[PDB]
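Only one structure is covered here, and it is reproduced in the block below.
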Amino acid sequence: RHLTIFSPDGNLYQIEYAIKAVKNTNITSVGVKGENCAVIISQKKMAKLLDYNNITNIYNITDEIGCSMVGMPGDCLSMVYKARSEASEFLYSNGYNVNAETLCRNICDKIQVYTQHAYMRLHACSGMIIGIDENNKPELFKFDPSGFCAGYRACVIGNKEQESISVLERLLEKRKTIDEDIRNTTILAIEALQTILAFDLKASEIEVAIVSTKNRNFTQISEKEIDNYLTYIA
Amino acid sequence: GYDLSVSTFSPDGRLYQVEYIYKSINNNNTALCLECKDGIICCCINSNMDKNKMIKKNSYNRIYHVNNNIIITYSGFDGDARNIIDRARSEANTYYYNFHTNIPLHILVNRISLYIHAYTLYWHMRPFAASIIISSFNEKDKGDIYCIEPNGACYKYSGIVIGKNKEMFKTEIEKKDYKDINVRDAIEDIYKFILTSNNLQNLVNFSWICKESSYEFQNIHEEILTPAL
Amino acid sequence: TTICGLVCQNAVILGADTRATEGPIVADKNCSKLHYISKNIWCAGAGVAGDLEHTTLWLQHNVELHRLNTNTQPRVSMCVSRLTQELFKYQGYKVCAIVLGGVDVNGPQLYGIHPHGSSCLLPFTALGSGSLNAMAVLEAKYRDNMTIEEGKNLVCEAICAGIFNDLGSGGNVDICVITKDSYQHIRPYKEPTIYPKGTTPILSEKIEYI
Amino acid sequence: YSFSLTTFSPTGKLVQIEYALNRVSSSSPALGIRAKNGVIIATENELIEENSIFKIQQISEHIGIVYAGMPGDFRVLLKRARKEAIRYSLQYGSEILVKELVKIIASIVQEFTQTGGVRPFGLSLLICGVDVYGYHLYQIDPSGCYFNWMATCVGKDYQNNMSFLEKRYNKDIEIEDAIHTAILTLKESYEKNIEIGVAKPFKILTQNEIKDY
Amino acid sequence: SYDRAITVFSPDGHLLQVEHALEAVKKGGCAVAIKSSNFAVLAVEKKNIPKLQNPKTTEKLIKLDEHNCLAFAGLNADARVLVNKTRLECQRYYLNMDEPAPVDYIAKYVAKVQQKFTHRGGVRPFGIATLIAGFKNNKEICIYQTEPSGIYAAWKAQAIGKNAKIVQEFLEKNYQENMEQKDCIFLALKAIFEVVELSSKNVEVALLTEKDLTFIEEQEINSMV
Amino acid sequence: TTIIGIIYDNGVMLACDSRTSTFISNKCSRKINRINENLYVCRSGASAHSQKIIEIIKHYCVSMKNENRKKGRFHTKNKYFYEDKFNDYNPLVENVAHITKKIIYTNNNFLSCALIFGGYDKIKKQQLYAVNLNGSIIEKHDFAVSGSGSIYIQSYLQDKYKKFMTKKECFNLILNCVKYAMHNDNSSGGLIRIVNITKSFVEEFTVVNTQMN
Amino acid sequence: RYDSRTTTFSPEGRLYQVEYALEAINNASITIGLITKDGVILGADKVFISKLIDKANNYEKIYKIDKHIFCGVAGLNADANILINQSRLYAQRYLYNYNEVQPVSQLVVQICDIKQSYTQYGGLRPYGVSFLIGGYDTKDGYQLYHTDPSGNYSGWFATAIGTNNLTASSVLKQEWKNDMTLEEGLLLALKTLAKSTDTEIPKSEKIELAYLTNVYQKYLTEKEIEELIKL
Amino acid sequence: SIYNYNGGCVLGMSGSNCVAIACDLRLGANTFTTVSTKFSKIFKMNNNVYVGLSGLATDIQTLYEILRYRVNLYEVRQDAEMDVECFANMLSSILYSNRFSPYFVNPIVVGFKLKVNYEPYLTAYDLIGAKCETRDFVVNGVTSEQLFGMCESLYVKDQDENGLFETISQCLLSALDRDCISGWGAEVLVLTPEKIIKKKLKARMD
Amino acid sequence: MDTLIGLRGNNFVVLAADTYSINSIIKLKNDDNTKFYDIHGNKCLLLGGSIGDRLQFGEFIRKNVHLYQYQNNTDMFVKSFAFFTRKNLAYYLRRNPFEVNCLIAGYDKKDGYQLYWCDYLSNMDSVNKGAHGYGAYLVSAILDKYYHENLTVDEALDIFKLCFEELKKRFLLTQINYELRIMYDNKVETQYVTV
């Protein structure tokens, strides 16, 4: 099970081991779509003197597109640079901005070439990507070390896989103006992370990033907004 | 038998070659950097070569610099560290060549961490055996210090120690906040930590960036160190 | 040649004549100069015929591949960028002055790409040997807002003026109306002895049945 | 470092092909049925969007594709198939024939069985299409062999589904009858979890149409 | 293994792959070469299934140029590619010097090629041993035998292939200098027939002269007393 | 052609005409291009060269802006406001101008374009740079002019300039300069496009006027 | 250690991958070839996968290379198709070079040289397919050539490859004659294909049969074998 | 001027369920010397495709060999007769691939488009494959002007095989009699779905 | 300046060429052997033009043809030889052109006695009679007048003699020495003709 080749069972165990590596980091990140917006909330901790403001999992691939990677940190930053290079190449060749879907397609093709080739290690990296398409609707595309992309209405990376799907289903069913939509989506994301982690969260140890039609640019809400939302939920 | 290659995840989902590089770096010579009230200070204890009495006095200098206002130090193999430092210098030179401006510290940190990470992927290349402190100080931004681990990670600190006895240096330096301490008053405490954690004169390297160096790289003079000792 | 484009209410109308001359001699009297790039993007060409034809085919197939990959409507700016980058790479040796037109999420869009690799968003454009006559009629009669029928009549009048006033332009008139929902193409839009048996001697003859 | 990972066994077998065959056998079911006036290909957490997970895809206006196996391998092979069809169209100025595309993709799939430092593709493909020589259904294995079929099944429990379809299939059938037989076979192997694609340009039937059928 | 060392030294000091190529030569069919004053005789075993296999297609005696011929023993496909290389170099020399390639030069070239293939990376040794025969710049005829090891040597008479030692001994105890064409042909026949069964169809024999490499007809091979 | 950039108190105003080419090929052309929200550029010379280096520099500026972002939380006219209030990550004007100078210098054997970069950033406040034909950069702390029509307004602009011009008088000066250049030069004409760049907001004015005396 | 060292000798002076490829070809379907006074006859066996196949137009054994050369396959199909493509490329390359149709032996030599190159250079596995290449040329006449994964070929009057080729060769030895008509050759091919499968009455549903005559290649339709079966 | 070295011309025409392709028989040398009077300029690709190559004779031969190579590869791969329009587009792409080092050949493609309805298909190109798909006749060569005049004058729509032969032969001979560098006999080649007729006209040799 | 002549038939194919080796304003030789390049298997490639290009191209073609005939163990056909030579001369036309004017000749059991004319531009066609050089202007119509399909060897030699006398009389390069080749009766023969 050393090379990325088939076993007698037929599975490739290197992808399973890379997924185990991603899960071992114990970093949780929840992505949620909305009516005209998308939110990613991440835990903001390592995979006394350390600068805790510098620790982040979210990234800005472009002004519009943003992402959140979880896994090995070097692999995460390398995938971030690959995503930025892919978006830049698309903009240069085509003269217009790539969307989240096509970027996820290309990144998973880049992952697949490592998957098939024995001489390439697999990146222990999962990732969510969000943005707004040309029809003014949100996107939320998730990929894993297997090189498989999928769009989600809501999704989680971390330890609580196929357990946070239940609380996400409950919250999305319960919820089912642009300002009210953005507020409700952010509240749902924060409450989902709080219920998944099952302990009260301080505003200085979580990071919430928002994309919406009102503000097309990917941006992170300040700690005062997160404190306000946490006080509102309680 | 999953640890004989950097390009293979074990069933636990980890790369054992990286952990062995961590073990190699941890039992090596000690290095530390600290951010003071108006400067950064870097110290390096080369105590593993205390048995060698034939060495020329104060010539094995693990401290290096980039663009005269970035300090870069390491713990690990000397040659691999020189490779990393040469790549950092080349990247800074390329940035100035393109843009006519000194490279920001965090972009250099990301680029060199990517360079270190690139060797952990392929199965025909040795990963880097070195953990790199790279740091700078400014009048307005104060000190920014980055530690790049051998695994390609890069984390910002307000003070960092690596090498042998790093726990002792960390718990000793985590007693007084140096953000309200002048850099001249920190050399005494650093020497005291070196005692706690004859040969003190010659097996130590020092560097500093504060007002008195005009915010530029320099080695602390002997006449400044000796009264502090 | 007279190729012409203009932009109407949520649409772009292209038009062209149907002449292809190998010097003083007319080779094809009903040639076709309006080229399909995408369902929502069309073009017309002036300059060297082979470069025009093969650049248009290359652009059409690249646009179709991009449409299959991205799975969204093709963009006019994408075609402009690909065309300009291809045309500059040969440094004006790809002699293709192409009027591009289309409709996308950013509305109607008409561009005039020149053979050295420069483009310009415009409300109307004319190119070819008979470009100045069509430009004169267009600047005379074009207005800020018009309908499909008014623009069709204006394009037909401009191409007819280029036909009558220019010797390198003649034949019928073709136009294409490109809208967001679909395109609509008219090839003939305007359209303004027997010898005895055995007379020719032969030296040999032989028949073999296939 | 270019050495073939796939190697002949002492019993004259390329066991990596057998293991990829086991992998596609473990995957979700796929099938295709060819009628006198059509050809169909069909396949079988509440948060995943159904729009973004379509296994059935289009290579060309009269050529469609579906697979059983790994998704990423299918995506790269679909990109390659689209590029080859586009290059044929750019060269000869007409839509590519089904057999030529199948031969090209079969050669590309066989190349990775032999190239050093790579492993075979872990999927089996089904091309459907129409051209001047009629309707076409073609199965491509991990081995790189292309098989011409009247009707076939690929993924999990494909022997039982093949037996069912063999007793059910007739040459002279309609698109309605073919779609009904395909839905019957899929529900036997097993509306929300059914995808159908029919080939007149190639088409994807929406969930409303599949529910009607 | 695009660039890897297949041939390497063993703990004793030998190259194992060259020895395995020698074993492959030992599996190959038997060939024999005898010299005379101004002509040579090459006789090689034939193995054809009766009534089904085409007799003419198999060809172990090969003409290389105007004035050189070859008779190999070992792997047949290796022999074909080496013979094509040898023919190419013969014509290359005749282009680059405007004289036909002598036998010593081309034998040295074949030996050098085999040495190169035993020494370069990502390449297997040639599993064949050759008996080239031809004429020199001074019009003198000679025979060069070349091993898979890349070592060559000239011989008055020589045998290669399966049971080569027995034929070598028989040639040693029966060779004489400057014998007639009939005597040389008969000696080659009775030498190569010491290991292969007494029949006319199990051998093909040819005589090399300054003019051309003639092949002995099956009728003349028959009636060998 | 006429492209002008003039620095005034807390701002910089760029200005251009619209005419392209004896036969006027185009008469509504945007010569002032938006490299970034805080940085614009006026073009002169061959249009193909200008367009290609300007879009290459847009690509490079997008890459630079992506790499300039730090981790964690911190802290008929048209008007726009900067998304980057504090200039945390917008690239500097000098960096973009110098990489443009390197681009034009490396390929100066055939490139024949001249550029005027104008912008604002927190380090150097408002900034003007002029990249010449061979690829030589000069920082013009007062004003830069280029194009075939600029030769007719050198003495006019030199006489009328002051150190700390108000927005109104700077606007009148640059408008009258471009008008005089259009009046004297056959190669320049059409509507006037002006771009005013400040610490916080950008304005884009379009003016239609002629010369009477 | 991941390299299997495919391209190296054994202690007995053998290439193990080559013999594994040969005994893989022995497990493939049966193929037969022979030469008559009017044309070269080739025939094969079809491994029944299902009745749901499009057998109407399915020749997975015999393939056309050019109007004067055709081949019959025994081995891995995906490995055979790429070599058939190479054969077609070399035939048209020779016609492009010399303005003349290629001889059969030269094409056989070229493809067998590619096989030898794979068995000698690099670190790649060999091609596990054997060909019976039939053809006509004016230099020689009607020719049939058998090939191997080792790159070693030989010319034949009539031979077999695949499973139970010993029985087919025995029947060919018993029955084949130098002077045979086309009908006699087809009947002998039917008899050999029958005896290979231990069936007296051959199944027309799983027999491919084709021939070449001086040039024209005939691929017998599934109905055409039925007239020969009854006779 | 490179076309002036060897001369030559090719003509093609259509009728009712029949087409025709005609050419001269000369290899020129230095624009005046006639070294061969049988240099045929029409080549058969398949049953329903013919090509007429005019220009430089070396480029004619290389282009014919390349087209034969690619057409034979297409047919042996696909195992079917290549469509006329497909061969037309393949020839156009081959000509354009040599855009900056062109073959100095001005070809025509004449064939039957099948569907079975045997429609005429005529098209003409230049040295860089500019499409000139024409419905009634096609012309290339140094004698292009005379041939265009003769064909515009004498062409009659929907002629049988005999009338088509007489019209195309008269057009070719009339065009060639007023040309210095084209003539010395003439081939005419009349295609129908059922048969094909090759004729050598009795022409002027001077 | 280099004259070549060739004449086909049903029972013969004959070639002839001046034996002048020339440089600058002098004749190096009156017995030049640099023109005829007879190949094994009843084939000949008579070249004109530069001596260096003649040697290089003729030896390249001859050694390649011999390489073919030894690799495959058969005689190459004359049509194949002619078209191989034409393709090889065409390959260098745009890169580094050989300024060589080719007359290919030979015998096949397939196609009989064959002759092919070809020039430095690589424009080839079979002919019953051909010539190269400025002498081709003067020895072409003589071949046209006296050629008939059923010539014998002596009649062809007489025609060649008349061509040589024409070259002496009218051509300013008063060429008097010529070397011939005669392919007839399944044998190749050589002759030398003065005046």
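Hydrogens, waters and symmetry mates play no part in the numbers below; they use all other heavy atoms, side chains included. The chains referred to below are lettered A, B, ... by the order of the sequence lines, with proteins before strands, and numbering in each begins at 1.
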### Query
Pick from E/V83, E/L82, E/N84: which one makes a side-chain contact (heavy atoms from CB on, under 4.5 Å) with E/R80?
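The option that passes is E/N84.
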Within 6.0 Å of [atom1] in [X], more than 12 heavy atoms from elsewhere:
X      : atom1 : answer
I/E99  : CD    : no
I/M1   : CE    : no
G/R93  : CZ    : yes
E/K108 : NZ    : no

### Task
Test side-chain hydrogen bond (donor to acceptor under 3.5 Å, both in side chains) on I/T3 and I/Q175 and set out the steps.
CA-CA 9 Å; I/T3 307; I/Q175 280 145 31; 2.7 Å; yes
Starting at [atom1] of [X], measure out to [atom2] of [Y] and round the result to the nearest 0.5 Å.
X      : Y      : atom1 : atom2 : answer
H/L127 : H/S101 : CG    : OG    : 11.0 Å
E/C69  : E/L64  : SG    : CG    : 7.5 Å
H/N6   : H/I60  : CG    : CD1   : 7.0 Å
H/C23  : H/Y50  : SG    : OH    : 12.5 Å
H/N140 : H/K41  : CG    : NZ    : 13.0 Å
H/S54  : H/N106 : OG    : CG    : 6.0 Å

Any salt bridge between [X] and [Y], counting N to O under 4.0 Å?
X      : Y      : result
I/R54  : I/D32  : yes
I/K187 : I/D185 : yes
H/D206 : H/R204 : yes
I/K79  : I/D108 : no
E/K136 : E/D104 : yes

### Query
Between I/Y116 and I/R86, is there a cation-pi geometry (under 6.0 Å to ring centre, at most 45° from the normal)?
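No, I/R86 and I/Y116 do not form such a contact.
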### Query
Does the ring of I/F36 carry I/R181 above it, NZ/CZ under 6.0 angstrom from centre and within 45° of its axis?
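Relative to the ring axis of I/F36, which defines the angle, I/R181 lies inside both limits.
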### Message
Taking the ring centre of each residue, are I/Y68 and G/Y98 less than 6.0 Å apart?
### Response
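For I/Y68 and G/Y98, the ring centres are under 6.0 Å apart.
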### Query
Taking the six-membered ring where the residue is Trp, are the ring centres of C/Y90 and H/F100 under 6.0 Å apart?
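Ring-ring flag for C/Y90/H/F100: true, centres closer than 6.0 Å.
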### Query
Which residue pairs satisfy the side-chain hydrogen bond (donor to acceptor under 3.5 Å, both in side chains) criterion with at least one member in residues 140-169 of chain I, sequence neighbours excluded?
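Pairs touching residues 140-169 of chain I that pass the test: I/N128-I/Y147.
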Sequence neighbours left out, what passes side-chain hydrogen bond (donor to acceptor under 3.5 Å, both in side chains) with [X]? Give chain and number order.
X     : answer
G/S87 : none
I/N11 : none
I/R94 : H/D59

### Query
Between H/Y125 and H/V109, does a side chain to side chain contact (heavy atoms under 4.5 Å, CB included) hold up when you go through it step by step?
CA-CA 9 Å; H/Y125 310 95; H/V109 172; 3.9 Å; yes
### Aromatic ring pairing I/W117/I/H132, orientation class (parallel under 30°, perpendicular over 60°, tilted between)
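Rings of I/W117 and I/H132: parallel, as their planes differ by under 30°.
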### Query
Taking it one step at a time, do G/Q106 and G/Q110 satisfy side-chain hydrogen bond (donor to acceptor under 3.5 Å, both in side chains)?
CA-CA 6 Å; G/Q106 303 192 19; G/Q110 284 198 303; over 6 Å; no
### Message
The criterion is salt bridge (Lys or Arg N to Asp or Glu O under 4.0 Å); which residues satisfy it with I/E59, sequence neighbours excluded?
### Response
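By the salt bridge (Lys or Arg N to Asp or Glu O under 4.0 Å) rule, I/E59 matches I/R62, I/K63.
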### Query
Under the 3.5 angstrom rule, does the side chain of I/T19 hit a backbone N or O of I/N30 as a donor-acceptor pair?
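Present.
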### Query
Does the side chain of I/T190 reach to within under 4.5 Å of the side chain of I/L180, using non-hydrogen atoms?
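Not in contact.
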### Results of side chain to side chain contact (heavy atoms under 4.5 Å, CB included) for G/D66 - residues two or more places apart only
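Applying side chain to side chain contact (heavy atoms under 4.5 Å, CB included) to G/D66 gives G/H68, G/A91, G/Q92.
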### Task
Check the pair I/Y192, I/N177 against side-chain hydrogen bond (donor to acceptor under 3.5 Å, both in side chains), reporting the backbone distance first and the verdict last.
CA-CA 7 Å; I/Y192 298 91; I/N177 316 107; over 6 Å; no
